[PDB]
Each structure stands twice: as structure tokens, then as C-alpha cells.
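Engineer: Let me begin by handing over the structure; questions about it come next.
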Amino acid sequence: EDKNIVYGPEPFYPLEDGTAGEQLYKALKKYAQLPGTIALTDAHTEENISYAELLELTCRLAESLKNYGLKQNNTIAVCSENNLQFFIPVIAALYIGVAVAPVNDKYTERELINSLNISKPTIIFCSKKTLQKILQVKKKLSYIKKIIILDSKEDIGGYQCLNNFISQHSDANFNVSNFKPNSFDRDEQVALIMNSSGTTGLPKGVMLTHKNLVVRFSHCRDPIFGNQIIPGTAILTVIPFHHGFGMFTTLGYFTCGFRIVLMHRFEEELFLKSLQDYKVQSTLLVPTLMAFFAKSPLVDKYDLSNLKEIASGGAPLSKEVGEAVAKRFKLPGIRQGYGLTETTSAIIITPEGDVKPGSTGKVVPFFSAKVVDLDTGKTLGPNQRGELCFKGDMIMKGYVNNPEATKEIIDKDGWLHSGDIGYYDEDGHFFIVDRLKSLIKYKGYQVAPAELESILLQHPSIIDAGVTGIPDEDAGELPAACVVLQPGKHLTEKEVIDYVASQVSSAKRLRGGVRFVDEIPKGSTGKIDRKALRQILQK
Ligand SMILES: Nc1ncnc2c1ncn2[C@@H]1O[C@H](COP(=O)(O)OC(=O)[C@H]2CSC(c3nc4ccc(O)cc4s3)=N2)[C@@H](O)[C@H]1O
């Protein structure tokens with residue numbers, strides 16, 4: 001019973017007191033006192049914000065927000081591509097106990113309206129690139145009182161820039177050294193409102209508390225579960241800051257004093273040059289970029305000798321792709337994490353000294369996990385596939401103003417049901433099979449796209465893959481694949497089909513065929529768009 005529940009270990013050291021704003025303040029202040037430390041670096045522009053500058057900006061903005069009239073448990077929003085200024089309003093709000101609602105900068109107007117109607121922010125911090133769409137929607141949304149432009153040094157058309165907002169609402173002689181963030185009940189006060197559709201339904205707002213965040217801050221500094229690079233090391237992330245994957249990794253990087261090199265769009269040459277030129281030792285990727293590291297000839301053109309911590313998350317990573325990356329970079333293994341918006345951050349992480357190729361790691365401190373039978377709901381033992389469920393101190397407070405949806409994902413016993421199929425081995429390493437809804441319904445079988453995608457990615461001419469079921473009169477769904485070929489290489493549909501058939505049981509064959517495409521349709525955290533795949537595989 002409880003014999004089959006898997007528990008994270010003790011944290012290496014106990015949880016630090018204080019709110020997430022108090023812990024961020026202490027960390028920014030520490031690094032600001034060491035000469036030359038840099039917090040944020042824009043790979044496209046080479047512009048930096050130092051830890052000293054970030055401390056100044058976040059404290060001055062917090063004071064400005066208080067004088068503007070914001071109180072604890074008011075809400076602001078941030079709608080912006082990854083840039084140097086994104087986290088200035090995030091951290092300032094956490095200082096004063098104002099909830100932060102990051103909003104996808106690529107949202108349509110209708111998606112924007114639906115997200116903002118949940119969080120109802122009083123102020124929206126936008127970028128030059130999102131200003132127009134935020135202006136459009138604001139006309140319909142009475143609760144928005146103020147727009148602030150993050151990355152302009154001048155006001156635009158009646159809308160104020162960040163620097164002029166701070167100048168208006170704080171005294172120029174404001175003493176940063178004495179500023180103190182607010183103390184409040186970290187178990188109750190919401191820190192972030194993040195967008196997630198969850199296991200079913202329309203997009204919702206996930207409430208994460210300051211307690212959820214400081215538990216993440218415990219993990220990221222933990223000698224076993226944390227990043228294995230020392231303060232001041234350069235780390236390069238390609239993950240959108242408005243998603244939990246990018247939000248709670250990047251916030252943790254500040255507490256570690258890393259130099260965070262960011263991009264607002266991925267470009268292969270700039271990515272590699274940036275790893276080389278900033279002597280990057282750690283990088284945070286999605287599986288498509290792991291395949292790039294494993295297979296691209298471009299990698300050999302750059303000096304990547306400093307890179308030693310290569311991390312993936314967001315979607316299933318093929319065992320063989322991870323092994324190929326580790327081999328090519330002469331590393332003992334790769335780093336991986338698994339989590340959901342609803343669990344704040346990764347709740348399974350590859351621990352220091354403990355790698356198992358194909359496994360996304362072990363349960364983190366302050367968490368427990370179980371695997372439940374899809375039919376009975378009974379708890380399963382090792383090497384038995386079922387739905388992964390989790391309990392621990394980063395589980396969300398719930399969905400904003402949606403207790404019904406909250407109860408559908410967190411059961412009456414307190415377990416969050418992830419919607420993912422997986423298993424754990426005799427040593428506690430967890431393996432993610434696929435999202436339950438992604439399984440292909442071929443007759444009475446359930447075939448996992450990630451299993452077929454992993455085989456496809458074993459082929460030396462295949463650099464990306466996406467598998468789904470296409471509709472079929474007789475069988476319901478036929479497994480079918482979109483394949484991206486390495487430039488200069490050639491494969492026929494028949495070659496790909498036979499390659500897979502030689503390795504899989506009859507039910508898993510690509511009876512729906514293969515299409516060759518220039519890119520797999522995937523989201524910004526690696527989620528494969530199965531509907532987009534079907535549209536290609538029907539045409
Ligand atoms: N490793 C994985 N293997 C297979 N499937 C995966 C994996 N990770 C996610 N999923 C799928 O993603 C679905 C949730 O999707 P979401 O709610 O949009 O949130 C998210 O993805 C974000 C929420 S924090 C998170 C992470 N923080 C870290 C920190 C370090 C690191 O080194 C890696 C990571 S990853 N992920 C979930 O249910 C699966 O189906």
C-alpha cells in the first residue's frame with residue numbers, strides 16, 4: 001500500500017525562512033556587493049543588467065508600485081517576450097506581496113482576453129512588441145488601469161515607459177540599501193498566476209504561493225537536486241519566461257547568482273556562439289534541441305568545452321538522444337526534470353551522482369509520488385505503468401475562481417493526477433511514457449507516440465519526429481509519423497516504415513504512413529501539436 005508510495009529524500013539543509021520576495025532580495029543584495037556580477041544578458045543585443053542594477057530596479061519599482069497604490073494581493077500582469085526587463089516587475093511584485101500573472105506574448109486577442117479575465121490585473125507591463133495588442137484588448141477590459149512599457153526609454157503615444165513610471169513614483173535619492181521587502185504569510189499569499197489548461201477543459205489560472213516558490217528555491221540550491229554550477233557561472237536558457245518551466249528555473253537562477261543568458265527566439269548559430277563566447281557551463285533545453293546537440297554538424301564549429309550541465313524538460317526525451325548528447329560532449333550524463341504548471345516546477349529531477357538513461361530522475365525533497373492503475377486506481381509497484389500522481393509542498397493552491405476544476409485534478413485524498421503515464425524502477429528512477437491523451441487508439445491497443453518517436457530519432461538521418469494517430473474507418477486510428485531529415489540526407493517513406501517495423505510489435509507499426517516536413521509543430525516548452533500533425537498527415 002504505502003509500500004508502493006515513493007518519497008523524496010530530506011532536503012540537504014532545512015527550508016529557509018521568509019517569503020519568496022525576501023529570499024530574492026537577499027540574493028540580489030549579496031551578488032550586488034561583488035564587483036562586476038551580471039544577472040541577465042541578452043544574446044541578441046549583448047546588453048546586460050548587473051546584479052547591482054537589478055537590485056536597484058526591483059527595489060525602486062517596488063517602492064513605486066506602493067506609492068502608485070498597490071497593496072498586498074493586488075495583481076499585475078507581464079506580457080512580453082524573453083528580455084532583460086521581464087523579471088523587474090516579477091521580482092518587485094514579490095517584494096510587496098502582489099500576485100504576478102505572466103501572459104503568453106504570442107496569444108491572440110481572444111486568448112489574451114480569456115487569460116486576463118481570470119487574473120484581472122490592475123497594471124500590465126508589456127514590451128514594445130506587445131504594446132499594440134495590449135492596447136487593443138484594454139479597451140474591452142475595465143479592470144486594467146495602467147500600461148507600462150518595459151523596454152522603451154521613452155513614453156509611446158500616451159503610454160508610460162518603465163523608467164518614467166519609476167521616476168514619477170519614487171524619489172531619485174531613494175535609499176536602496178535600506179529598502180526591505182514585506183513579510184506576510186507565505187503559505188497563503190499567491191505569488192504567481194500561471195496559465196494551464198490542465199487535464200481537461202479551457203485554459204485556467206494556476207495559483208502558486210510564496211511557499212511553493214521557496215520550496216523551489218530550496219531545490220535549486222540543494223547540493224543533490226540543484227544546478228551543479230557555482231555562483232557567477234553563465235547559464236543559457238531558451239525557455240519562455242511566461243511558462244512555469246521558464247519562470248521557476250529562471251527565478252531560481254537569481255538565488256544562485258548565475259549570469260543568465262537569454263534569447264527571445266532560438267537561432268542555431270547565435271545559440272552556439274553564445275554558449276562559446278560567454279563560456280556557458282549549463283543550458284536549459286527542450287528535446288528537439290537535445291537532438292540538435294546530438295546530431296548537428298554545426299556543433300563541431302564552436303568551442304563548447306565549458307558546457308557540462310545539459311538539461312531537458314517539458315516533453316518526453318528519448319533515452320538514446322540523451323545518451324548521444326552525453327557521449328558527444330564527453331559527459332557522464334545529462335540533466336532532466338519533469339513537472340507541471342500545477343506542481344510549480346520539476347518534481348522529478350536527475351540527482352547528483354545518480355543517472356539512469358531514459359529516466360527523468362527521482363522524486364524531489366518535500367514530495368511523494370505514486371503510480372495508479374488506469375482501470376482500478378490501485379497503487380502500483382515498480383516497473384508497472386499507470387498514471388503518475390503527486391503530493392507535496394509545490395502543489396498549487398488551486399485554479400483561480402474554479403474550485404470545480406481544482407477538485408478534478410486534486411483528488412479527495414490530496415493527490416494531484418498528472419494525466420501522464422509512467423513507471424518507476426526498483427531504485428526509484430521514474431520514466432515518462434507519454435501523456436495519456438496522446439496515446440494512439442489503434443483498435444483495442446494504446447500506442448505511445450514517444451516510443452515511436454524515440455525509434456525514429458535513433459536513425460542517423462532523422463533529426464526530429466512527431467507521431468500521432470490518423471483517423472481510420474476500421475481501426476479507429478493508425479499510427480503515422482512526421483519526420484524531419486538532416487539536411488543533405490535522404491530517406492523514403494518505405495525505409496522509415498520498415499525501420500520502425502523491425503523494432504516494434506505489430507500494433508505499433510506506422511500503418512498511417514510517413515510524411516517528411518521541414519519542422520515538427522511543437523509549442524515553446526516542447527509539446528508536440530498532435531492536431532497539427534494530423535492535418536499534415538491528412539493533406
Ligand atoms: N521531463 C519530461 N518528460 C516527459 N514529459 C514531460 C517532462 N516535463 C514535462 N512533461 C509534459 O509536460 C506536461 C506539463 O506541461 P505544462 O503544464 O505546460 O508544464 C510544464 O511542462 C512545465 C511546468 S514546470 C516544468 C519543469 N521545470 C524544470 C526544471 C528543470 C529541468 O531540468 C526541467 C524542468 S521541466 N514543466 C506534463 O504533464 C508532461 O506531459
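Identifiers for the C-alpha cells are assigned positionally: chains receive A, B, ... in sequence, residues are indexed from 1 per chain, and ligands are indexed from 1 in the order shown.
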Name all residues at most 9 Å from stretch 355-358 of chain A (count only C-alpha atoms; drop same-chain ones fewer than 2 positions away) and give them as a VMD selection string.
Structural biologist: chain A and resid 317 to 320 322 to 323 332 to 335 350 to 353 360 to 361 429 to 432
Engineer: Pull the strand (DSSP E or B) assignments for stretch 381-450 of chain A out of DSSP run on the backbone, and list those residues as a PyMOL selection string.
Structural biologist: chain A and resi 386-392+398-399+410+416-424+430-435+440-442+445-447
Engineer: Which residue is closest to residue A:36? Choose from A:504, A:370, A:257, A:183 and count only C-alpha atoms.
Structural biologist: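 Nearest candidate to residue A:36 out of A:504, A:370, A:257, A:183: A:257.
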Engineer: Find the residues near ligand 1. Use a cut-off of 6 Å, count only C-alpha atoms and all ligand atoms, and write them as a PyMOL selection string.
Structural biologist: chain A and resi 196+244-245+249+311-317+335-341+344-346+360+418+420+432+435
Engineer: Which residue out of A:409, A:462, A:90, A:147 has the minimum interatomic distance to residue A:390 when only C-alpha atoms are used?
Structural biologist: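 Among A:409, A:462, A:90, A:147, it is A:409 that comes nearest to residue A:390.
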Engineer: Which of stretch 276-453 of chain A end up as helix (DSSP H, G or I) when DSSP is run on this backbone - answer as a JSON list (two decimals) with C-alpha atoms, in the first residue's frame?
Structural biologist:
```json
[["chain", "number", "residue", "atom", "x", "y", "z"],
["A", 276, "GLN", "CA", 31.08, 29.60, -26.57],
["A", 277, "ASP", "CA", 31.51, 33.32, -26.02],
["A", 287, "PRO", "CA", 14.01, 17.60, -26.66],
["A", 288, "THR", "CA", 14.26, 18.99, -30.22],
["A", 289, "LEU", "CA", 17.39, 20.88, -29.16],
["A", 290, "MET", "CA", 18.80, 17.77, -27.50],
["A", 291, "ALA", "CA", 18.55, 16.07, -30.90],
["A", 292, "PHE", "CA", 20.27, 19.13, -32.37],
["A", 293, "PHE", "CA", 23.13, 18.74, -29.89],
["A", 294, "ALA", "CA", 23.36, 15.02, -30.70],
["A", 295, "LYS", "CA", 23.25, 15.24, -34.49],
["A", 297, "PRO", "CA", 27.48, 19.18, -37.64],
["A", 298, "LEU", "CA", 27.32, 22.86, -36.62],
["A", 299, "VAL", "CA", 28.20, 21.87, -33.06],
["A", 300, "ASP", "CA", 31.75, 20.98, -34.13],
["A", 301, "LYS", "CA", 32.40, 24.55, -35.37],
["A", 319, "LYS", "CA", 16.88, 7.63, -23.89],
["A", 320, "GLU", "CA", 19.12, 7.27, -26.96],
["A", 321, "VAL", "CA", 19.15, 11.00, -27.75],
["A", 322, "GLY", "CA", 20.25, 11.80, -24.20],
["A", 323, "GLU", "CA", 22.99, 9.17, -24.32],
["A", 324, "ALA", "CA", 24.20, 10.58, -27.65],
["A", 325, "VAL", "CA", 24.43, 14.10, -26.21],
["A", 326, "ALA", "CA", 26.37, 12.92, -23.16],
["A", 327, "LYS", "CA", 28.71, 10.89, -25.36],
["A", 328, "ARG", "CA", 29.36, 13.71, -27.82],
["A", 341, "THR", "CA", 2.37, 24.09, -14.17],
["A", 342, "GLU", "CA", 0.23, 22.78, -11.30],
["A", 343, "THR", "CA", 3.30, 21.49, -9.40],
["A", 403, "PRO", "CA", -12.85, 25.04, -7.33],
["A", 404, "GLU", "CA", -14.60, 22.50, -9.57],
["A", 405, "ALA", "CA", -11.60, 22.23, -11.89],
["A", 406, "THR", "CA", -9.29, 22.09, -8.88],
["A", 407, "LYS", "CA", -11.16, 19.12, -7.42],
["A", 408, "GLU", "CA", -11.00, 17.25, -10.75],
["A", 409, "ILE", "CA", -7.17, 17.23, -10.77],
["A", 436, "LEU", "CA", -2.47, 9.74, -21.58],
["A", 437, "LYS", "CA", -4.37, 11.83, -24.14],
["A", 438, "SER", "CA", -1.53, 11.40, -26.66],
["A", 449, "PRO", "CA", 3.94, 8.33, -29.73],
["A", 450, "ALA", "CA", 7.09, 8.89, -27.66],
["A", 451, "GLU", "CA", 8.04, 5.24, -28.06],
["A", 452, "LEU", "CA", 7.85, 5.51, -31.86],
["A", 453, "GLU", "CA", 9.45, 8.97, -31.86]]
```
Engineer: Residue A:205: which residues within 10 Å, counting only C-alpha atoms, same-chain residues fewer than 6 positions away excluded, as a list in words?
Structural biologist: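 Final neighbour list, sorted by chain and number: residues 101, 115, 116, 117, 118, 119, 192, 193, 194, 195, 196, 197, 198, 341, 342, 398, 399, 400, 401 and 402 of chain A.
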Engineer: Considering only C-alpha atoms, can you say which of A:421, A:76, A:517, A:126 comes closest to residue A:143?
Structural biologist: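 The closest residue to residue A:143 is A:76.
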Engineer: Between A:208, A:161, A:84, A:475, which is the closest to residue A:100 once you count only C-alpha atoms?
Structural biologist: A:208
Engineer: In Å, rounded to a single decimal, give me how far atom CA of residue A:61 is from atom CA of residue A:93.
Structural biologist: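 So the two atoms, atom CA of residue A:93 and atom CA of residue A:61, lie 8.5 Å apart.
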Engineer: A:520, A:15, A:497, A:458: which is nearest residue A:220, counting only C-alpha atoms?
Structural biologist: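 The shortest atom-to-atom distance to residue A:220 comes from A:15.
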Engineer: Any idea what the distance is between atom CA of residue A:68 and atom CA of residue A:243?
Structural biologist: 27.7 Å
Engineer: Can you pull out the residues contacting stretch 135-138 of chain A? Cut-off 9 Å, using only C-alpha atoms, and skip same-chain residues under 2 positions away; I want them as number ranges by chain.
Structural biologist: A: 109-110, 112-113, 130-133, 140-145, 147
Engineer: Measure the distance from atom CA of residue A:241 to atom CA of residue A:35 in Å and round it to one decimal.
Structural biologist: 27.1 Å
